[PDB]
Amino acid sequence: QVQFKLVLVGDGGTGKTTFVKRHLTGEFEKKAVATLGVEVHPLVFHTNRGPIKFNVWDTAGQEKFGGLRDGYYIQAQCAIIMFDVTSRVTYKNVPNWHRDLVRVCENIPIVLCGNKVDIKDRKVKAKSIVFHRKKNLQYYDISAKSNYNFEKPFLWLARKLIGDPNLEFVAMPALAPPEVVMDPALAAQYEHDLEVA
């Protein structure tokens, strides 16, 4: 099996758990790692080069209280760092999480995700999201609650990890039905604003 340890980090409350849970079979099949305070969710995706499994390591909330134990990060092959676009301080802490990752991890592919784009009053707009430029990381807006752009971080990671910039998903995973509607007009403007930066 081609599988990848994916660590999912960022401040408490940014929507990490809600995000990983959109993949329904991953949530149904999640495996507890009680010795590290983690649930490993097997998010399978199907590509033109075959199935790939991201074993997404989701914390049990201990990030609220500081850095995670080395065992959490150890042998990660990729990461998503998340922040919440309605909470400036979570964008503020992104270089900190990054530093943890670079410190424990073997120079892995990292996607930065700004979550909760469905909330009307958005604080962290495209113009201010600059950290990924400084580090040549990929950034995406996401909304966990509406599945908006769910697949995009994993698509980017898979391209990087397999070293095939032409890899495509042949089908979408079964996702939890949207719990809020992400206005497609709002979504298109946000995509625009990110290009206009």
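The first residue of the sequence shown is number 1, and the count goes up from there.
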**Request:** Between 130 to 138 and 57 to 65, name whichever shows the higher mean Cα B factor according to the PDB entry.
**Result:** 130 to 138
**Message:** I need to verify one thing: averaged over C-alpha atoms only, is the B-factor higher for 36 to 44 or for 164 to 172?
**Reply:** 164 to 172
**Asked** Looking at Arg49, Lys145, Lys152, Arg159, which has the highest Cα B-factor in the entry?
**Response** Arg49
**Request:** Report the option among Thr90, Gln77, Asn115, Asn96 whose CA atom has the maximum B-factor in the deposited record.
**Result:** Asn96
**Request:** Just say lowest, middle or highest third for the CA B-factor of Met82 relative to the other modelled residues in its chain.
**Result:** middle
**Request:** Taking the chain's C-alpha temperature factors as the reference, tell me which third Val2 falls into: lowest, middle or highest.
**Result:** middle
